[PDB]
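In: my complex, first installment, coordinates as in the assembly:
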Amino acid sequence: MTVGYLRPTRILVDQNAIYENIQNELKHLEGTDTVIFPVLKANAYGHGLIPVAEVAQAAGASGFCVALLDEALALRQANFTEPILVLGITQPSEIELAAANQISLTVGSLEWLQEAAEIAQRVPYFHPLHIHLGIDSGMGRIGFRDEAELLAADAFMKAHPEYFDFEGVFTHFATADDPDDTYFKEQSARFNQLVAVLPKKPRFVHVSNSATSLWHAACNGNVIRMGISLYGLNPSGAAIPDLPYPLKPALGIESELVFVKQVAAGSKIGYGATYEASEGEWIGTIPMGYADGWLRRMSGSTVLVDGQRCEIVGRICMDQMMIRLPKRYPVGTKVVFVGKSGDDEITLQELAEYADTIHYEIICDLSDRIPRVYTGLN
């Protein structure tokens, strides 16, 4: 958890980009009453929980979504007072913490409510929990999967208003970013069938991740759980290239050369001696490694130095890596991992493709050992 402020490896977060992305979605929503609850789980997708919450609030966020009770508590402790929804399951033993901090909880079973009521009944002066019922419409993760148990949960909260405030109902789509919308339409029809058994809807009815808001807006309820698009990234990677408005990428990554040398032919570079240089090759060393989240699978990809693509050669080490340079550069020369250099640019999508993963994972894997530097809001 030590932050490497003195090391010249940095994550750059453009808060103006985040502000514009959110404002564009608000514009996209005009003519409805739909509000935006930015999704800030996983340290705001690696961008930094509190700084992203600050700009999101300035940009017009009406509430927040997180993965864990601990993340919601962290927002409350930073003096945010908006509604906060924990999207994962919180065990019933923690309901007193949630109720005392007005944290809204996702509930996917009648059993959870029964257990929570047994606990709450023993708490003097208990104040009601704000509950969102999670409906599993085909993601298979958490939530109710039939009408009967859903209505039983609805009835149980009505029987115990001293413990439960039915605040929301929601589902999540597995394929809203798929060029084939067959399964999305199946899930949307299934959610609509299931929520139809509720005699009265709660104040929040929501289904939309970024992809749903971007490409299936007619299916929006009255909250957008805006995640990846807030950070300026296409939810689909490249599968659905066209967007209803432009996304401005918020995150860049930079470092510097800390060592530069020229080597003779056959010189072995890195662990396992897996790379052998050519004659007169220039090798640059960079203080970034797999402990920072630049995993060994990134060997053979390129960084940008002075507008030139430079291959990562040999094995990536825990804290350092080596690149092939086209000529001698001074120690301290900027290296661009993500972002623009010269007339070129390395995107998170292109890195995700090289790593055989998705950009969500690239940014979420960035270690807190790398300091985040923010533009501030113009």
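Out: Nice, I can see it. Numbers count the residues shown, from 1 in each chain, chains lettered A, B, ... in the order given.
In: okay, which residue is most central for chain A?
Out: residue A:45 (3.2 Å; CA atoms, centre = their mean).
In: which residue ranges form the helices in the stretch 1-150 of chain A?
Out: A:15-29, A:41-45, A:49-59, A:69-77, A:95-100, A:110-120, A:147-159 (DSSP state H, counting those that start in this stretch).
In: mind checking which of those is nearest residue A:316?
Out: Of all the helices of the stretch 1-150 of chain A, helix A:41-45 sits nearest to residue A:316, with 22.7 Å by CB to CB. C-beta here means a position set from N, CA and C on the backbone, and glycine is covered the same way.
In: Packing partners of the closest one?
Out: For helix A:41-45, the elements it packs on are helix A:49-59, helix A:359-364, judged by 3 or more CB pairs under 8 Å, 6 or more residues apart in numbering; DSSP states H and E.
In: Could I get the full set of helices for the stretch 151-300 of chain A?
Out: A:182-195, A:210-215.
In: CA atoms only for the last one - export them in PDB, please.
Out: Translated: helix A:210-215. Extracted in PDB, the C-alpha atoms of helix A:210-215 (Å, rounded to 0.1, in the frame of the first residue of the first chain):
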ATOM      1  CA  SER A 210     -23.000   1.700 -19.700                       C
ATOM      2  CA  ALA A 211     -23.700  -0.500 -22.700                       C
ATOM      3  CA  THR A 212     -27.500  -0.600 -22.000                       C
ATOM      4  CA  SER A 213     -27.500   3.200 -21.700                       C
ATOM      5  CA  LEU A 214     -25.500   3.600 -24.900                       C
ATOM      6  CA  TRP A 215     -27.200   1.100 -27.300                       C
END
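In: Mind listing what's buried along that helix?
Out: By 16 or more other CB atoms under 10 Å, the buried positions in helix A:210-215 come out as A:210, A:211, A:212, A:213, A:214, A:215.
In: again, but for the first one
Out: Of the residues in helix A:182-195, A:184, A:187, A:188, A:190, A:191, A:194, A:195 count as buried by neighbour count, 16+ other CB under 10 Å.
In: ok, back up a step: now render the helices of the stretch 151-300 of chain A as TSV, adding distance to residue A:15.
Out: Output for the helices of the stretch 151-300 of chain A, formatted as TSV (distance: least, CB to CB, whole Å):
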stretch	distance to residue A:15
helix A:182-195	32
helix A:210-215	18
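In: looking at the ones you listed, which is closest to residue A:124?
Out: For the helices of the stretch 151-300 of chain A, proximity to residue A:124 was assessed by CB to CB; helix A:182-195 is nearest, at 35.3 Å.
In: separation between residue A:141 and residue A:65?
Out: 15 Å (CB to CB, to the nearest Å).
In: Tell me which of the two has more neighbours.
Out: A direct count of neighbours by other CB atoms under 10 Å for residue A:141 and residue A:65 places residue A:65 higher, at 27 against 13.
In: ok, the more buried one touching residue A:36?
Out: No: look at residue A:65 against residue A:36 with CB atoms under 8 Å: they stay out of range, at 10.0 Å.
In: before we move on, back to that, the helices of the stretch 1-150 of chain A: which one's closest to residue A:293?
Out: helix A:41-45 (11.9 Å).
In: what's the spacing between that closest one and its chain's center?
Out: On the basis of CA atoms, centre = their mean, to the nearest Å, helix A:41-45 sits 5 Å off its chain's mean C-alpha point.
In: and then chain B:
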Amino acid sequence: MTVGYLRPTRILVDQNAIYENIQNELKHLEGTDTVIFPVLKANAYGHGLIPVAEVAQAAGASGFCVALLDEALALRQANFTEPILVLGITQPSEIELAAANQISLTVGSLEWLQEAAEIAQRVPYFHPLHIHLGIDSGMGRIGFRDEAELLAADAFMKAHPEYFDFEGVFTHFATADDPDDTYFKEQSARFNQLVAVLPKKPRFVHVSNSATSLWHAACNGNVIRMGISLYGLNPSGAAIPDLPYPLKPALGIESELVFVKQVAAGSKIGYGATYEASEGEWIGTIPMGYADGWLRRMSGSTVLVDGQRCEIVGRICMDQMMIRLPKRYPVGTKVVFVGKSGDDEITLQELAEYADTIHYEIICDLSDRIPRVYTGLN
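Out: Below, chain B sits with the chains from the block before:
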């Protein structure tokens, strides 16, 4: 950086294991004057910088190695007073911080020393830096590669004792964990050749990572930079199971089921609907995802529940994943990712093999969102 204390996902760190590992290497070293500087970079290989420093101190550590000046400063701020060596390059502009905190610095070029002296000359009351010259004997990472520059660096420090204390000289091996020792002996001969031309050796002369101390102990200098083996893990993965003393793995990983359901045939699970269930399959949901460092590449591997293997099915999500259960289990049932369950066990080496990487990366990629729980010392 928000730690998930309320989530039932935890890393278990056995400090007694670390103590025994260090004590076994100390016994392995008896009859020499060699001391151990445990390597604590990357938050002590994901185990926790300060708790591992505390037990390593209790077990007989004489000093510490880290990757970054920031990590060394964190150790000083936790009131550790032993020598601390930064193994990576620290840029010359930070020498006042290293000098004011008695942090020893790796230096790999005469140019670094020249730039450092220009800075230090402008500092009233400057106190000398403790320098280790890093020699590149064939790793190709950082360090001197020729006799002339090394001797020029030695003479330059002697011209400026107000700024520099020549405290150590070292190299690092690329293939000390290789059953073939050919390149290892080439590096060792090359280092011995370069150090032989120093007019006088400094107080620390060191070459040894874990693999060197385990399988090439005759080549030890007077300090062991003990890394992975301190954490109970074989430096070679599975390439060299033959060890001089047993290693006790220090790290386990455990979670709980937060949701359990039985699904109909054809039910699709996870993002992209990539897994289709068979009739009556039991699906468990676990609050662990790729944002915690259980990356998407782990889909299809197994966890242990109640002594039985359970496949991670479908895509792993940012904060959650789904497994196939052999039968219904209660919510709250323990899940073992690393460690023992029943008559079975999952090791970090097995998981690294599944992930096409090394166990070093698995442990360094564990997010701080997972709390570490420590046994303490008997």
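In: what do you get for the buried residues of helix A:182-195 once chain B is counted?
Out: By neighbour count on 16 or more other CB atoms under 10 Å in any protein chain shown, the buried set for helix A:182-195 is A:183, A:184, A:186, A:187, A:188, A:190, A:191, A:194, A:195.
In: contacting residues for the closest residue to residue A:378 other than its chain neighbours?
Out: Spatially, and ignoring its direct neighbours in sequence, residue A:378 is nearest to residue A:16 (5.4 Å; CB to CB, 6 or more residues apart in numbering or on different chains). Counting by CB atoms under 8 Å, 6 or more residues apart in numbering or on different chains, residue A:16 makes contact with A:248, A:375, A:377, A:378.
In: From the residues you listed, pick the one nearest chain B.
Out: Chain B lies nearest to residue A:375 out of these, by CB to the nearest CB, at 20.2 Å.
In: that older thread, if you look at the contacts of residue A:16, which of them are in strands?
Out: Using DSSP state E, no member of those sits in strands.
In: With neighbour count and distance to residue A:73 as extra columns, can I get those residues in CSV?
Out: Below are the contacts of residue A:16 laid out as CSV (neighbours: other CB atoms under 10 Å in any protein chain shown; distance: CB to CB, whole Å):
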residue, neighbour count, distance to residue A:73
A:248, 15, 31
A:375, 15, 28
A:377, 12, 26
A:378, 6, 31
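In: picking up where we left off before, contacting residues around the residue nearest to the centre of chain A?
Out: Listed by CB under 8 Å, 6+ apart, the contact partners of residue A:45 are A:39, A:227, A:228, A:231, A:360, A:363, A:364.
In: Quick check: the third one vs residue A:75, distance?
Out: Meaning residue A:228. Remark: distance between residue A:228 and residue A:75 (CB to CB) = 19 Å.
In: mind listing the strands for the stretch 251-378 of chain A?
Out: For the stretch 251-378 of chain A, the strands defined by DSSP state E, counting those that start in this stretch cover A:251-256, A:259-263, A:268-269, A:275-276, A:281-286, A:302-305, A:308-313, A:321-325, A:334-341, A:344-346, A:372-374.
In: what's the closest non-adjacent residue to residue A:285?
Out: Spatial nearest neighbour of residue A:285, excluding adjacent residues (CB to CB, 6+ apart): residue A:259 at 3.8 Å.
In: who's in contact with that neighbour?
Out: Residue A:259 neighbours (CB under 8 Å, 6+ apart): A:284, A:285, A:331, B:89, B:108, B:109, B:141, B:142.
In: Buried ones from those, can you make that a ChimeraX selection?
Out: Selection of buried members from those for ChimeraX, criterion 16+ other CB under 10 Å:
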select /A:284,285,331 /B:89,108,109,141,142
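In: how many other residues sit next to residue A:273?
Out: Number of residues near residue A:273 (other CB atoms under 10 Å in any protein chain shown) recorded here: 20.
In: Which residues of the stretch 201-350 of chain A lie near chain B?
Out: Within the stretch 201-350 of chain A, the positions adjacent to chain B are A:256, A:258-259, A:261, A:263, A:267-273, A:277, A:283, A:285, A:287, A:290-291, A:293, A:295-297, A:314, A:317-320, A:322, A:331-332 by CB under 8 Å from any CB of the partner chain.
In: Just the buried ones from those residues?
Out: Among these, those buried by neighbour count (16+ other CB under 10 Å) are A:256, A:258-259, A:261, A:263, A:267-271, A:273, A:277, A:283, A:285, A:287, A:290-291, A:293, A:295-297, A:314, A:317-320, A:322, A:331.
In: Looks like residue A:51 contacts residue A:19 (just checking).
Out: No: checked against CB under 8 Å, the pair residue A:51 and residue A:19 is beyond contact range at 11.8 Å.
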